[PDB]
Every structure is written in C-alpha cells, then in structure tokens.
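Fold and contact review
One-letter residues, chain by chain:
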Amino acid sequence: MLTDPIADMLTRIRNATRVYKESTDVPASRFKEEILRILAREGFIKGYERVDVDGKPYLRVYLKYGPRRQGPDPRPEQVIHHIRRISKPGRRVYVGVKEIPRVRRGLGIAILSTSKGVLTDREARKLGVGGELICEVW
Amino acid sequence: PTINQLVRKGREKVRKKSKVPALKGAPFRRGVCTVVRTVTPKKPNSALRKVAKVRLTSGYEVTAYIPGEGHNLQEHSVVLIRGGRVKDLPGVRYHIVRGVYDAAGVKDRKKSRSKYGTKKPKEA
RNA sequence: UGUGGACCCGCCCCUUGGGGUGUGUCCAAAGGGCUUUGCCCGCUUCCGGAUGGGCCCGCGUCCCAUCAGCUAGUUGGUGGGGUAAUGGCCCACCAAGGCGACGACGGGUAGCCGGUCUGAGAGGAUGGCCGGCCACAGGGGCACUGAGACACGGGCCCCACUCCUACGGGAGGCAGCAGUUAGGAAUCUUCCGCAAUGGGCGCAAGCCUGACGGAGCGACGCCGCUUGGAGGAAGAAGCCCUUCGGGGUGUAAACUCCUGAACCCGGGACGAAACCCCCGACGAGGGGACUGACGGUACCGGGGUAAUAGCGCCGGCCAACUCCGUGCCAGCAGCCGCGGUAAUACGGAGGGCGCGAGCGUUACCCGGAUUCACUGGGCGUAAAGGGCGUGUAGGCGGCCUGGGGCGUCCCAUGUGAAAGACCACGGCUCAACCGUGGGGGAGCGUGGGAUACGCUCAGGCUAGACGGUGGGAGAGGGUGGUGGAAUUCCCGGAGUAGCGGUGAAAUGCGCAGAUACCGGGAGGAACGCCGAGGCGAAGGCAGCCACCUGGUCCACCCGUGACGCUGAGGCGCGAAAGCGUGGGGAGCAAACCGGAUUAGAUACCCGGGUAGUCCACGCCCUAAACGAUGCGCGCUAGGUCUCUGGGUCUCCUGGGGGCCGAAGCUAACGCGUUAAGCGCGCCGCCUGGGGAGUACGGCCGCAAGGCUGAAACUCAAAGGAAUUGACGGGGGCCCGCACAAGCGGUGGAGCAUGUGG
RNA sequence: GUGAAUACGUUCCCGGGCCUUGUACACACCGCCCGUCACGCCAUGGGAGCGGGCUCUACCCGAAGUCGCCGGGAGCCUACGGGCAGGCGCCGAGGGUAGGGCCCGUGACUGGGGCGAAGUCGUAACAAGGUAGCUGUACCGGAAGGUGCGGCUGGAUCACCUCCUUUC
RNA sequence: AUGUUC
Ligand SMILES: [Mg+2]
Ligand SMILES: [Mg+2]
Ligand SMILES: [Mg+2]
Ligand SMILES: [Mg+2]
Ligand SMILES: [Mg+2]
Ligand SMILES: [Mg+2]
Ligand SMILES: [Mg+2]
Ligand SMILES: [Mg+2]
Ligand SMILES: [Mg+2]
Ligand SMILES: [Mg+2]
Ligand SMILES: [Mg+2]
Ligand SMILES: [Mg+2]
Ligand SMILES: [Mg+2]
Ligand SMILES: [Mg+2]
Ligand SMILES: [Mg+2]
Ligand SMILES: [Mg+2]
Ligand SMILES: [Mg+2]
Ligand SMILES: [Mg+2]
Ligand SMILES: [Mg+2]
Ligand SMILES: [Mg+2]
Ligand SMILES: [Mg+2]
Ligand SMILES: [Mg+2]
Ligand SMILES: [Mg+2]
Ligand SMILES: [Mg+2]
Ligand SMILES: [Mg+2]
Ligand SMILES: [Mg+2]
Ligand SMILES: [Mg+2]
Ligand SMILES: [Mg+2]
C-alpha cells in the first residue's frame with residue numbers, strides 16, 4: 001500500500017532518469033507537489049503537471065538531462081546525479097536551523113518540511129527555521 | 001538490521017582477550033623457576049630453546065622464554081616475567097626479564113644492551 | 001509579665017498543612033566586664049532575611065534471559081505510632097492488591113558527575129590528581145547528646161583480632177600527617193612553619209589548626225636550560241671498508257681565538273597589612289606599631305672554569321649497510337618469517353637513521369578496525385533467510401478537508417557552579433604553570449509563536465485491502481468405494497530337465513516334477529500410456545468414481561471504505577528414517593544368513609532374509625526442509641516458449657511457469673518486471689577457522705534424540721569466485737613399430753662383456 | 001652383398017598432440033587425503049566424592065538499644081496527677097539445627113579435543129577417486145566406513161527429449 | 001566385474 005510515498009516518488013524519478021525517460025507519472029499528493037515545486041525551481045526537473053490516469057490524480061514529472069556526449073557511451077549526464085530520502089517512516093530525521101546540512105558543498109540542495117512550508121537548505125537557513133530533512137539532491 | 005531491530009537489540013560492543021594473565025594486569029610478575037629446561041620449536045624452526053617453568057606470585061605456574069645467548073637460571077632462581085609470547089614455542093606466553101632478580105645480564109653483549117639487562121661496558 | 005508564639009474549635013480569605021481572626025488553654029529569659037546613671041560582650045520570645053540541609057517527583061545511568069517469573073508490610077485503604085516533614089517509615093484493622101519481555105526477580109561487576117584519554121567525527125574507553133554529590137571509619141547492629149550525627153580521632157552490645165596484668169581486672173582501632181610491617185612490578189619525610197589563606201574558641205591579647213603554606217626525596221610527568229661558539233686539511237693518528245689508487249669516520253679531533261653552566265664574592269626580596277594602638281564616636285575617614293616558615297632562597301652586581309651523553313633501531317611495514325664470526329647451532333621474532341658456510345633478519349665491529357637527559361621494554365585504553373557499520377557493513381555460492389503457515393505484542397501506515405498543537409521548528413528567558421577546554425590580553429626573563437576578560441555548549445524548566453511533516457480527534461474519498469454476482473483450471477486436502485496390468489503364493493491342468501543368476505561363477509530353486517504356458521483363487525503395494533506441464537505456505541501431492549473441503553485466477557466494476565504490511569513470543573503444519581499400540585505384509589529390503597570377489601572384503605556383485613516400507617491412532621520435529629534467495633508494496637527495455645481466464649480476437653489484456661536479455665547490480669559466477677536492479681516497511685540471521693552444534697545448565701521427547709548453546713585451548717588462516725596449468729580407472733578428434741598383422745629374437749645352454757652382490 | 005613377411009583396424013597396452021570436462025592437485029596423481037590404533041605435551045568435560053562462597057526456607061536461643069505495657073504487698077527522689085530504679089514484652093545483631101538454590105575450588109580415574117617435520121592398519125574423500133558425492137535417519141562393522149529409506153546437485157559420460165539460441 | 005599405497 002506504499003509505506004513511503006515520498007520515497008517512492010524520489011525513486012520513480014531516479015529510476016526514470018537512469019533510463020532517460022522524457023517524463024514519469026507519480027500518484028498525487030499536495031506534499032509531493034511541493035517537493036516538485038522545488039525540484040523545478042532549482043532546475044533538476046523541467047517541471048510537472050497534474051494529470052489523470054484511469055480516473056485518478058497523478059503528477060507527471062518532466063525530467064531534465066544534459067547534452068548527449070561523445071565517445072563510447074553517449075548517454076547524457078544527469079542533472080539529478082543523486083536523490084536520496086533522509087527522513088523516513090522508520091527513522092524520522094529532524095534538524096533545527098543551526099544543524100541543517102550543507103549538501104555537496106553548496107552545489108547540492110537539501111529539502112525540508114518546515115512550519116513555513118517545504119524549503120531548501122538555503123531558504124530555511126535564511127528564514128531561520130528547521131524541520132524534517134525530507135531528502136537531499138545533487 | 002532495520003533501525004527498529006537496532007533499537008530493540010542494539011549492537012554488541014566488541015569485548016577482547018588478554019594474551020597474558022600476569023594477573024591483575026600487572027606489567028610484570030615475580031616468580032620462581034620450578035624447572036629450567038630446553039625445548040624444541042614448532043615445525044619450521046629447529047633449536048634447543050631455553051625456557052623456565054615459573055611459579056608466580058600471581059598464583060599461576062607458566063612457562064617463560066629466557067632470552068639471550070647463555071643464562072644462569074636453575075631450579076629456584078627468582079625471576080621477573082614480562083609478557084610477550086614466542087611464535088614458536090607453544091604455550092610460552094611470557095619472557096624473562098634479563099638483568100633482574102636472579103636472572104643475570106647477558107655477558108659480552110654490546111648492542112641491544114638494555115633488553116638483555118646488560119650494563120654498559122667499561123671503555124677503560 | 002505575654003511584645004509575641006504554640007494548640008483545639010468557630011469565622012473570613014486562600015486552596016493539600018498557605019495567610020488572618022475570636023474566645024479557651026499553654027510557653028520565655030542569664031548574667032559578665034569596664035574609665036559606670038553611659039558603653040562592650042553575652043540571655044529570652046516573635047517576625048523577616050541570608051546560608052546550609054531533609055524529603056519528593058520527570059527523565060538519564062553497565063554485563064548475563066544458560067536469571068522469567070517476582071512480591072507478606074507485599075500493593076492500597078482506614079485509624080494510629082514516629083519525624084522537622086510526606087511516606088508501609090513502623091503498628092493494629094480492612095481490602096487483594098502491586099511489579100514484570102518497555103526485562104520484574106536473580107547473578108555478576110561498579111561509587112556517580114564536572115572532566116579526562118582517544119577519535120575526522122559520531123563514537124569508544126576512563127573517572128588517579130583538582131572541584132561537586134554519595135557511602136564508609138576493624139566487621140555487624142544500636143541509639144544518646146545535639147541546630148545538626150545515628151558521629152573517622154564520642155558511646156553501647158555482638159563478632160573478629162591485638163595489647164597491658166600483681167590473674168583482680170584493664171586497654172585498643174592511621175581509609176588524618178608522617179612512619180612500620182605485610183602484600184606487590186611499584187609509590188616519599190616519623191621534614192619546616194602557622195609568615196600567608198582558611199577554620200574553631202575568645203571582648204581582646206591570643207590559643208589551637210599534619211586544613212594549609214612551604215621545604216625534602218623520586219627523570220614519575222610536562223616546560224625550560226647546559227654539556228660549548230667562531231675559526232680549523234682535498235683532510236693527522238686510530239679504527240672500519242678497499243677494486244691496494246683510494247674511500248669512510250670528518251671540521252669531527254688536534255690547534256687559535258671568543259664567550260663563561262658551574263663555582264666563589266657582595267648585596268638581597270615580593271609575598272604584609274591588617275587584627276591591634278592613637279585622633280575621630282570603639283562608625284566613615286586619617287595616623288602609628290608588630291609580624292616571614294619558604295630563606296641568606298629567588299633575583300640583581302661583581303669575579304669566574306671548555307665544563308655529563310646516552311638509548312633504540314638499520315630484512316619489509318619503517319628513516320637507516322658493509323665487513324667479520326656463525327652455519328636450522330647459537331640465536332632473533334610484533335606479523336610475514338630470518339638462521340642449512342658468500343645471512344643488509346643471529347653475535348661483534350665500523351658506518352648509518354631516529355630521538356636525546358633520556359631512550360627502550362612490558363601492561364592497559366582509544367586509533368588504525370566501515371572488524372557491531374547512527375554517521376558507516378552485510379546474508380544465492382565467502383559467516384549469515386528462520387523448514388512453512390497462522391498470528392499476539394510491537395514496529396511501520398494511501399488520497400482530501402478541518403480542529404488540536406504532543407512530536408518538530410522558531411524566539412525570549414531561567415538553568416547549564418568553579419576548575420578544565422577554546423579565543424584575547426596579561427604575570428613569572430620564556431615556556432610549563434598562573435591571572436583577568438571573552439565567546440561558546442547539548443540537555444532540561446518557563447513564556448510566547450509556527451503548522452509543512454509525524455501524532456491525535458472529526459468528516460470525506462476509493463487507487464490498497466476485504467466482500468457480492470458470474471465464470472474457470474488444477475496429482476491442493478479428507479472419507480468412502482472400485483479398475484486393470486504386474487509380482488508372490490495356494491489349488492489345478494499341460495508338459496520335462498533344467499531354471500535362476502554373474503565379469504565369470506556358485507549359493508538357491510528343480511524328477512516330492514521346478515523354469516516357460518494355461519485355468520481357478522488369495523492377498524498386498526503401486527498406478528503404465530495420458531505425462532511436459534499442473535496444485536499447494538512449506539513439507540509435498542498422480543488409476544477411476546462419489547461425498548466433504550481449502551487455496552487461487554479472471555470478468556462485471558455491483559457492495560464495505562484504509563478495514564492495511566510485517567510479525568519477538570504463542571498456536572498449527574512439517575519428507576524419510578525412527579518410536580508406542582494395534583492391524584496388514586505381495587514386492588522391496590537396513591540388520592542378518594549363505595555364495596562369490598579380495599591380500600583381507602565385516603563392502604561393492606549373486607541367492608535368501610527380519611524390522612521397516614503399507615493402514616489406524618498417537619509420538620518424534622529433523623533434512624542439501626534448497627531457488628542454499630524472509631514477507632509485502634511501488635518503480636525500471638524487450639524478445640521467445642508455455643499453463644490458465646477475459647477480450648469488435650491477424651493482436652490486445654490479466655494471473656502463473658521457463659529460457660534469453662535493456663539499464664542497473666555483482667568479488668566473480670551470475671541475477672535481471674518470477675531481481676541478486678532501484679527504493680520504503682517489518683521480521684530473522686552473520687561478525688576468522690578449529691574446539692562444536694560439543695560441554696554445562698534449562699526446556700521438550702516413551703526412546704532415539706530435538707531446541708537453546710558457550711569457554712579453555714589451538715591455528716594464521718579457514719574460505720568464495722574466477723585464472724593458468726597439471727592430472728583422471730572423464731569425453732571428442734588425432735598421431736608414433738604403441739597395439740594389432742607379420743618376420744626374427746631375448747628370457748633356457750655354453751661363452752664374451754657390463755652390472756648387482 | 002642376398003633379400004622377405006605384414007598392416008583388417010585403432011577397441012585394448014606404452015608415449016604423445018588439439019579442443020573439452022571435473023578437481024579439495026600446484027613439490028602439480030610417484031599429487032592429495034580420512035579415521036581407528038600407538039607415543040608425547042597442553043587445555044578441557046564427566047567423575048565415588050571432598051572443600052569453600054554467597055543465598056533462600058523453616059524452626060530454636062537471642063546482646064545492645066529504642067519503643068510499648070506494668071512500676072504492684074516493693075525501693076529511691078519529689079517538683080506526688082509525676083519521675084527514677086525495677087519488671088514484662090515487641091522488634092532485634094548475631095548464633096544454633098535441618099533442608100534447597102546458585103557459584104567457586106579440588107578428586108583416584110575416565111570420555112573425547114588440540115597441538116606434536118617424516119609411527120602402525122587400511123584407502124573413505126578430491127578425477128565416474130575406480131560403488132557419483134553430500135545429506136537427515138536407522139542398523140552394522142578394527143578403522144575409515146557400509147547398507148536401508150527419503151531428500152539435494154554442490155554429479156553424471158550418454159542419449160534421445162523440450163527450451164534458448166545462432167541460422168541464411 | 002574387482003584391484004592398494006608413496
Ligand atoms: Mg636485535
Ligand atoms: Mg498518617
Ligand atoms: Mg532528628
Ligand atoms: Mg567497589
Ligand atoms: Mg575513525
Ligand atoms: Mg585498616
Ligand atoms: Mg584515627
Ligand atoms: Mg615485598
Ligand atoms: Mg569502530
Ligand atoms: Mg562485512
Ligand atoms: Mg561450503
Ligand atoms: Mg553459506
Ligand atoms: Mg526459506
Ligand atoms: Mg497490530
Ligand atoms: Mg477516516
Ligand atoms: Mg463501486
Ligand atoms: Mg514427520
Ligand atoms: Mg514414515
Ligand atoms: Mg510402527
Ligand atoms: Mg529400534
Ligand atoms: Mg541381496
Ligand atoms: Mg539454512
Ligand atoms: Mg537472465
Ligand atoms: Mg544436556
Ligand atoms: Mg605384435
Ligand atoms: Mg642365455
Ligand atoms: Mg584433460
Ligand atoms: Mg553392511
């Protein structure tokens with residue numbers, strides 16, 4: 001019945017990106033969208049749109065890749081090189097503002113749920129708030 | 001393990017084994033030679049190796065290597081035991097400290113003199 | 001006397017026994033000194049302060065579950081007792097509770113913390129010194145006195161031990177400072193002084209203070225300093241190597257200058273200004289006097305001598321190599337391993353490297369060890385998936401809206417003592433050490449705030465899950481029956497000389513007529529073809545028929561509305577063998593008897609043969625119980641064969657079973673929409689090999705045995721996968737006088753000759 | 001000089017080549033290796049028992065001390081309602097006796113275990129290891145082991161099957 | 001058919 005729908009969403013992204021899919025579908029939640037809002041805003045995904053497979057709400061996510069490459073193996077570089085759930089139903093992870101992580105030394109982003117919404121590490125730090133470490137991306 | 005398993009049973013902290021009941025965890029131990037005798041090493045090596053069975057203050061009788069070319073240990077010689085085994089004599093977990101109690105130094109020794117309990121020779 | 005206070009009761013307020021108030025009762029006291037109608041010290045009661053405490057509560061606080069049940073003042077109540085005070089603290093009475101897998105109880109270990117050591121951190125280890133808390137004072141109980149003690153140098157008793165004794169009795173408690181003795185690898189002066197700071201008593205003078213301040217001893221530790229500095233040869237001697245020219249020690253020395261640790265001379269501290277005395281008032285404020293253990297020390301000035309250096313290592317890790325001696329000896333050794341006559345690994349020399357008043361060793365802790373893995377590991381074959389279901393606790397929980405604000409985050413604030421750590425500036429000539437100031441710091445309390453996520457309550461949805469209707473395939477299970485083939489045996493017939501059996505034989509069966517053939521019958525076991533796939537959670541399930549019965553798939557999209565996943569324990573199922581009571585017994589067949597084979601043959605081959613194999617009931621509970629792969633869910637190319645549903649059916653769509661493969665994973669082999677990929681949940685399990693699935697204990701079992709499951713000791717590996725070989729009483733293909741086909745010899749005889757002896 | 005025989009064939013013997021296969025060999029099958037038995041050393045389990053430590057249960061005796069009742073036909077004080085002595089009792093350190101639990105030590109002897117350069121017997125395993133192996137179980141045998149039943153492939157040379165796959 | 005060892 002899906003233990004962790006967020007994890008499942010991140011995993012749908014990683015699985016799709018590793019086979020260079022144009023887009024992928026994920027059963028919809030408001031929370032899922034708010035995560036995607038950010039992925040988009042930070043440029044890991046082209047963006048998303050609500051849709052309706054067989055009478056039911058999904059979020060179709062539009063994946064983004066690098067240029068095709070030279071040499072044996074011309075597969076594009078990933079924009080999303082790495083996307084990893086931190087907090088999870090079996091071990092929830094919470095961090096206040098002063099111990100938010102710096103992910104891949106600035107070139108990455110962490111994402112968290114806060115009392116002011118879903119923010120990145122930079123948003124949160126500048127807002128002065130902590131929250132649940134949903135996941136990290138780079 | 002899942003984190004819940006780790007909560008429930010946790011991880012077993014290592015725990016580890018003395019090579020050396022010089023009881024107490026003393027660094028040394030007084031004993032008396034019970035028997036002084038020679039023994040033969042384990043397969044690869046061949047020698048007439050010098051060991052003393054030693055009855056200890058620590059309550060334990062154990063064997064102990066007598067390092068150095070030549071020695072002066074006999075049946076009631078008092079001895080300082082040291083710890084350190086010998087990859088070659090099975091069940092010899094200890095050395096005798098030359099230069100102490102009844103263990104003489106090693107005569108003519110000139111190089112590694114402070115092991116082997118040998119006084120700095122006179123350069124007359 | 002009663003300012004006041006205590007107590008019962010009533011009243012008001014307050015809200016656990018807090019504050020007030022009324023009447024009743026009940027409760028105080030101590031004097032001493034002076035320069036004396038005034039001062040100083042004391043005495044009594046009450047109120048408030050400050051300081052120090054007691055008791056209580058939340059949370060945190062090691063190892064064993066081979067410790068799983070614990071508990072009688074035990075849990076609670078009522079009324080007492082007790083105390084400063086709550087309280088089963090203690091006691092009567094009543095009730096029957098209380099605690100425990102969120103680990104009670106028990107056993108083992110341990111004082112706890114600030115800190116400390118290690119570590120990148122998270123962690124790990126530790127808790128000596130200094131600070132804080134606790135406990136103890138020869139062992140055990142006990143109270144007294146008191147503001148306080150159940151009292152370290154107070155008391156009682158018991159016990160242990162010692163001492164004096166005139167034998168009547170007495171005395172004692174260093175875990176205070178020193179010291180002795182014993183134990184030990186090992187740890188100091190029976191030091192100086194109260195000058196300082198602090199403490200007790202006193203109006204004060206002052207007394208006391210092994211607290212303390214100092215000195216001493218110990219390289220035990222850290223910091224600092226010295227053993228010279230500058231010059232000085234293409235380079236003495238000695239000693240080592242040598243290719244007999246040299247090369248090395250080495251600018252090292254000798255030698256010239258220079259400086260001047262120690263020494264000796266002179267001077268000489270800070271730390272000490274108070275208390276006290278006088279003016280003032282015995283206040284503030286001003287003035288005076290005493291006082292130094294350390295110490296004739298630190299330090300300053302003046303003279304002034306070239307003045308201790310050692311320890312470890314030089315095979316690799318690891319920085320640093322030659323000669324001799326030695327010859328698996330002597331010896332080295334942390335691991336790999338060195339040593340067998342040219343050893344950079346033994347011992348010595350020279351030479352070198354590394355540290356240096358030290359250098360090594362042993363012990364122990366952290367590191368390295370992502371080798372208990374939170375950070376940060378794993379289980380197909382390396383150690384590791386539980387034999388499989390069912391399911392309890394527990395863990396985890398789809399989509400939407402609202403309320404709450406416990407988690408969570410934010411802000412403020414309190415707390416987080418000092419010392420230590422960290423930053424800055426300062427004091428000792430530096431540093432160590434020390435001062436002063438500064439920033440931190442999780443935790444936790446309080447107030448305020450946020451609501452994304454987690455939780456919770458409320459409502460909602462239908463994608464998960466269950467259900468209805470309709471269809472289906474199936475060795476899924478159970479009970480009853482009954483069908484043919486075959487084997488055996490019995491009764492017959494017919495027929496006659498062997499059958500059987502092996503590599504070959506024999507045992508055995510057979511003239512009391514076997515074998516082969518036919519008829520009659522019995523009885524047991526298993527179901528040929530179909531037949532490869534199918535069913536089941538696993539084990540496992542195969543003739544046909546009937547009854548009973550479980551799982552499962554599909555379709556309609558009809559009902560419920562998250563009802564879900566997993567699952568420590570528990571319950572049930574669990575091949576074969578095996579066990580118990582019965583039955584049954586054809587074939588087979590452990591053991592066993594015979595025959596062979598063999599060096600032996602307690603085996604393999606042959607002839608027999610008992611349990612057993614079969615059935616009922618009851619046990620046992622294991623396994624290569626295997627896919628050596630836990631369950632559930634989602635996600636990530638396809639191709640092809642196949643089982644079984646559905647389909648405006650040349651293909652689509654679901655559920656299973658196979659093979660090949662995308663991406664990806666994997667040590668590799670391999671796996672790959674039936675994952676070993678990508679992820680979330682939950683369970684189980686691993687932590688080198690042997691010892692050992694052993695011992696001990698405990699549980700289960702009628703027994704066999706099962707489950708749970710160590711350590712000593714031992715080894716430096718055990719091991720997975722793949723690679724190159726080599727090998728095979730493995731395969732294919734192929735060769736040579738290899739065999740085979742031939743012809744002639746050797747082995748016998750004499751002798752020649754080489755050899756063993 | 002004189003001067004033959006014979007070769008079907010490659011199954012077998014000795015040696016060898018190429019591919020393949022299994023391997024626990026690699027000093028490479030003149031390899032490895034298993035168990036009894038024999039010897040030595042080490043550490044252990046069991047063992048008639050013996051000896052401690054701790055602990056629990058019941059019963060008996062019970063010091064000090066607080067506390068409670070009495071203090072009378074009873075002494076001493078008095079501040080005579082009282083106090084003190086004195087007496088009884090509870091609890092009680094400990095001690096005694098009996099039986100359990102746990103832990104330690106030790107024990108004639110004894111089971112197996114590990115280690116011991118070249119012990120005896122056979123040859124179980126590794127190559128179809130010469131009877132594929134392994135496995136739970138059961139019986140038997142100096143010893144490995146054998147044999148029964150069932151399982152596993154971590155075996156099978158074949159074969160022919162079906163699948164995959166590559167045809168061209 | 002069997003057929004050990006170094
Ligand atoms: Mg040496
Ligand atoms: Mg009360
Ligand atoms: Mg009191
Ligand atoms: Mg202790
Ligand atoms: Mg580390
Ligand atoms: Mg004492
Ligand atoms: Mg004393
Ligand atoms: Mg001594
Ligand atoms: Mg670690
Ligand atoms: Mg590992
Ligand atoms: Mg294995
Ligand atoms: Mg394994
Ligand atoms: Mg399984
Ligand atoms: Mg539940
Ligand atoms: Mg609801
Ligand atoms: Mg519906
Ligand atoms: Mg069974
Ligand atoms: Mg059976
Ligand atoms: Mg039976
Ligand atoms: Mg039997
Ligand atoms: Mg037979
Ligand atoms: Mg297993
Ligand atoms: Mg595949
Ligand atoms: Mg047992
Ligand atoms: Mg021939
Ligand atoms: Mg002849
Ligand atoms: Mg071959
Ligand atoms: Mg047999």
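Method information in the entry identifies X-ray crystallography as the source of the structure, with 2.857 Å recorded as the resolution.

All names here are of chain A. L39, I111 and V137 are the most contacted members of the largest nonpolar core, which totals 23 residues. Here this core gets five residues from one element, more than from any other, and that element is helix 1 (residues 5–17). When we break this core down by domain, the ones giving at least three residues each are domain 1 (3–80) and domain 2 (81–138). Setting aside residues no more than four positions away along its own chain, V137 makes contact with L39, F44, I80, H82, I83, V103, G108, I109 and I111.

Before going further, it helps to examine the packing of aromatic side chains. By the definition in use, this model includes one aromatic pair over all chains. Measuring from centroid to centroid gives 5.2 Å for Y20 of chain A and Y65 of chain A, while their planes differ by 50°, and the two rings are tilted. Of this pair, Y20 of chain A sits in the loop between helix 1 and strand 1 (23–27) while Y65 of chain A sits in the loop between strand 3 (56–63) and strand 4 (83–85), and the two are 45 residues apart along the sequence. When the ring centre of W138 of chain A is taken as reference, the NZ or CZ atom of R104 of chain A above it lies at 3.9 Å. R30 of chain B extends its terminal NZ or CZ atom over the ring of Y101 of chain B, reaching a point 5.7 Å from the ring centre.

Looking now at the domain arrangement of chain A. Residue and element names in this part refer to chain A. Domain annotation of chain A identifies domain 1 (3–80) and domain 2 (81–138). If you average the C-alpha positions of domain 1 and of domain 2, the two centres end up 19 Å apart. With 20 residues of domain 1 at the contact, the number on the domain 2 side is 20 residues. Summed over both sides, the interface of domain 1 with domain 2 buries roughly 1500 Å², with 68% coming from carbon and sulfur. When the buried surface of domain 1 facing domain 2 is broken down by residue, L10, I38 and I80 rank first, second and third, together holding 28% of it. In this structure, the connection of domain 1 to domain 2 is made through three salt bridges. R85 is the salt-bridge partner of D4, the closest N and O atoms lying 2.4 Å from each other. Inspection of the region where domain 1 meets domain 2 yields nine residue pairs in polar contact. Examining the composition of the side of domain 1 that touches domain 2, we find that seven residues originate from one element, helix 2 (residues 30–41), more than from any other.

Let us now look at helix 2 of chain A. Given 3.6 residues to a turn, an α-helix orients residues that are three or four positions apart in the same direction. All names here are of chain A. The terminal C-alpha atoms of helix 2, which comprises 12 residues, lie 17 Å apart, in line with the 16 Å expected from a rise of 1.5 Å per residue. Along helix 2, the positions that sit buried rather than exposed are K32, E33, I35, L36, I38 and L39. In the stretch just after helix 2, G43 is the one whose phi turns positive, near 90°.

Time to look at the pairing of strand 3 of chain A. All names here are of chain A. Pairing geometry for strand 1 and strand 3, over five bridges, is antiparallel. Its bridge partner lying in strand 3, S23 is registered against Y62. With eight bridges joining them, strand 2 (residues 45–53) and strand 3 adopt antiparallel strand pairing. Note on strand 3: the bridge partner recorded for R50 is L59. Where strand 2 folds back onto strand 3 in an antiparallel hairpin, the turn is made up of two residues, including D54, whose phi is positive at roughly 60°.

Residues and elements named next belong to chain B. Ordered in space as 4-1-2-3-5, the five strands form an open sheet in which the pairing is mixed. Looking at the sheet topology across the chains shown, the edges are occupied by strand 4 (78–81) and strand 5 (94–95). Note that strand 2 (residues 49–56) and strand 3 (residues 61–65) share five bridges and pair antiparallel. Bridge assignment links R55 to a residue of strand 3, and that residue is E61.

This part is about helix 1 of chain A. All names here are of chain A. Between its terminal C-alpha atoms helix 1 stretches 18 Å, which fits the 18 Å expected from 13 residues at 1.5 Å a residue. Every buried residue belonging to helix 1 is among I6, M9, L10, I13, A16 and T17, and all of these are buried. For helix 1, the buried positions fall inside an angular range of 130° around the axis, keeping them on one side. Packing partners of the buried residues in helix 1 comprise strand 1, helix 2, strand 3, strand 4 and strand 8 (131–137). The N-cap of helix 1, judged by a side-chain oxygen 2.9 Å from the amide nitrogen of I6 a few residues on, is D4.

Each value, and the rule that gives it
Within every chain, residues carry numbers counted from 1 in written sequence order, not necessarily those of the entry, while residues missing coordinates are excluded from display. Lettering of chains starts at A and numbering of ligands starts at 1, both following the order in which they are written. Here we see only some chains of a larger assembly; the values are for those chains and no others. Side-chain numbers come from the whole structure's heavy atoms, not from hydrogens or water. Among the buried residues, those of types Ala, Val, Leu, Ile, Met, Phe, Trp, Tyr and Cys that are joined through side-chain atoms within 4.5 Å form a nonpolar core. The classification of residues rests on relative accessible area computed with a 1.4 Å probe and restricted to protein chains. Under 20% of the type maximum is buried, over 50% is exposed, and intermediate values are partly exposed. Where helices and strands are cited, they refer to DSSP runs of H or I of at least four residues and of E of at least two residues respectively, numbered from the N terminus. These domain boundaries are the output of an automatic or database domain assignment. For this analysis, residues touch if any pair of their heavy atoms sits within 4.5 Å. Only centres within 6.5 Å qualify two rings of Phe, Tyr or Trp (six-membered ring in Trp) as a pair; their planes then separate them into stacked at under 30 degrees, edge-to-face at over 60, and tilted for everything else. Throughout this description, the term charge over a ring refers to an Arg CZ or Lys NZ atom that lies within 6 Å of the ring centre and within 35 degrees of the ring normal. Reported buried area values correspond to the accessible surface (1.4 Å probe) lost by two parts on association, with both partners' losses combined. The term salt bridge refers to a side-chain nitrogen of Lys or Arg lying within 4 Å of a carboxyl oxygen of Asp or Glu. Polar contact is defined as a pair of N or O atoms within 3.5 Å, subject to the rule that within protein one atom must be able to donate a hydrogen and the other to accept it, and that residues adjacent in sequence are counted only when both atoms are side-chain atoms. In this analysis, the expected span of each helix is defined as 1.5 Å times one less than the number of residues it contains. Paired strands, in this sense, are two strands between which DSSP finds at least two bridges. The directions considered for the arc run from the helix axis to the C-beta atoms.

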